[PDB]
């Protein structure tokens, strides 16, 4: 049906393509059950409200005006859509020259950035997400959020445009890693698509 407000973008890889870090079963359930449910519930939650024809960014920017169902499913849809786009089976991507320079000046090195993201992800108690954002000063920042909340939401304290998010809900890693979230965080870097992260950074600065 072309007329639904929100859709899942087709995945640019197979469910078993990311086995360097994420098992195939997780990819399939995570995409076709969890994430698909956020999209369907978002379409339902916005129906008949002022969010009905708004962009996802605009819904998040005014999210406190809407029901909790809009919040949780708008976050869910946005976050997962971003997450799929920043994974890849192709090894060895790296930040653009401009992103690399910004990472080095802000954190020291790519390793130092990964350490900070890993630590933020580990420190998120319960369900949530780790983020790399561009703030309203054009500055890079590492944050985390609970549940499906994100740095675009009106009430979020550390606001900015996400260029990278890593899912630390237990559903994202339990089948392969069980309690070992830190091993998931260490390993996921092998499938992060730094070309996509870099394209998002370019747009955030414009």
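Residue numbers count along the first chain shown, from 1.
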Can you let me know which of the two, 168-176 or 48-56, has the higher average C-alpha B-factor in the entry?
-> 48-56
Between 2-10 and 195-203, the record assigns the higher mean Cα B factor to 2-10
From 43, 148, 156, 26, residue of greatest CA B-factor | 156
Could you look up the Cα B-factor of residue 34 in the entry and say which third of the chain it sits in: lowest, middle or highest?
-> middle
Could you say whether, by C-alpha temperature factor, residue 136 belongs to the lowest, middle or highest third of its chain?
-> highest
Sorting the chain's CA B-factors, does residue 121 end up in the lowest, middle or highest third?
-> middle
In terms of the chain's CA B-factor thirds, is residue 73 lowest, middle or highest?
-> middle
